[PDB]
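One chain follows as structure tokens, the form deposited without the partner chain.
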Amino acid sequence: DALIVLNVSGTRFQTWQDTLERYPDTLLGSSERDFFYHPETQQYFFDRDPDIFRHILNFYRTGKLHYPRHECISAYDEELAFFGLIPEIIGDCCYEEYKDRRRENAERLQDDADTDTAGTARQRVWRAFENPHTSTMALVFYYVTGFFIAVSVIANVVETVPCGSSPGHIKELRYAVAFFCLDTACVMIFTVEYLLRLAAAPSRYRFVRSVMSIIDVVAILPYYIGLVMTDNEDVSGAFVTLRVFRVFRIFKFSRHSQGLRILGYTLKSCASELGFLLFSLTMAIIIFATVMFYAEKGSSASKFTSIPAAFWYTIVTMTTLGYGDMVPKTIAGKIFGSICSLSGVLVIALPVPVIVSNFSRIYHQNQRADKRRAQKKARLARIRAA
């Protein structure tokens, strides 16, 4: 029939009734439209902003609703909810960018959700060795356990040097019981700290099933297995394995290193990429080892005695090591080793970009989170000052 004016605050909008009444489910398609009617002015006064109302009216005109890139999603979805609209009908070309903006905002939302849980006898000491700067004695425990881990690692390394603990002489007086005593002490502090952590843990199951607890137990257990086995003499064999397993104490530094935890998280995130790396690596290794073995099988004194023996050459060449203990001597072997070097470079460089990008993005998340916390504290102080 005619056109009605439905002005937003300040800027006026006018449209035909039939277009406005196409969708009766929304606020503007129902009796709420008649509710906003004003006397002697016939203007539907909405106390909102006109920019989003432009898109709302555009959605009313066509069957398509868009999303302006240069706008705040909070205001956008506030105007959507206020006008009885849903975020699931905003086209498809604009829908993906809207989802990207929503996920970027939700990242901050769950960051604040993790922040606000900051906050009783026993668990107090659990709060001690959970943030090293909460107290002074907790920091003392932190530094003491770090020093003990370091001294244990250093002693384990030094135990094998000649004239330090292994004699190079024949009949002269150089072992040390002091190394055993130092190992006993280090294991004592390690197990005491682990037992205190287990006792102070609010949830025994969550603590025990955690990666750090299993790392601690696999670091401390070898000493106990060794003392148990000493009842069955000191025969070699598994003794070498027990000696090897003592290097796992260096993994306890992940409490003292944020970078170690970031690297663990970025290795967890790229599990598919590392799996593809391993699969393509072993596929290329098998192919090139087979080709190299069959090319170098019939030499004078070739070290390519089998495909498993060619695995060594293939892995040395693909990583661009080039020890030189196994080199091809035939034309075909040389050609295929030349191809193998470049192909291994390509295989290795395939997922390194993804690993780098994930590590960089996690690192940037860490700095963005700490910067957000600091700036939020500063803003709270500034707004409290006024």
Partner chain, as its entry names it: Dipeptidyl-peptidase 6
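Residue numbers count along the first chain shown, from 1. Rigid core here is just the name for the largest C-alpha set that superposes within 1.5 Å across the two forms.
Another form, the form deposited with the partner chain bound, is not on view; read the next lines as being about it.
Shown alone here, residue 185 lies within 4.5 Å of the partner chain in the deposited complex, counting heavy atoms only. Looking at residue 224, you'd find every heavy atom of it more than 4.5 angstroms from the partner chain in the deposited complex. Although the partner is absent here, residue 205 lies well away from the partner chain in the deposited complex, with no heavy atom inside 4.5 Å. The partner chain is not shown here, and in the deposited complex it never comes within 4.5 Å of any heavy atom of residue 190.
Within 4.5 Å of the partner chain in the deposited complex, a heavy atom is found for all three of 140, 143 and 177. Taking a 4.5 Å heavy atom cutoff to the partner chain in the deposited complex, the contact residue among 195, 228, 181, 235 is 181. Of the candidate stretches 123-131, 196-204, 209-217, 145-153, only 145-153 has residues with heavy atoms within 4.5 Å of the partner chain in the deposited complex. For the stretch 294-313, the set of residues having any non-hydrogen atom within 4.5 angstroms of the partner chain in the deposited complex is empty. After superposition on the rigid core, the C-alpha displacement between this form and the one not shown reaches 2 Å or more for just one residue among 166, 241, 257, 184, namely 166. Core-superposed comparison between this form and the one not shown: the C-alpha position of residue 305 differs by less than 2 Å. Fitting the two forms on the rigid core leaves the C-alpha of residue 232 displaced by at least 2 angstroms between this form and the one not shown. Relative to this form, the distance between the C-alpha atoms of residue 186 and residue 168 is increased by at least 3 angstroms in the deposited complex. Put simply, residue 222 and residue 233 come closer in the deposited complex: their C-alpha atoms are 3 Å or more nearer than in the form shown.
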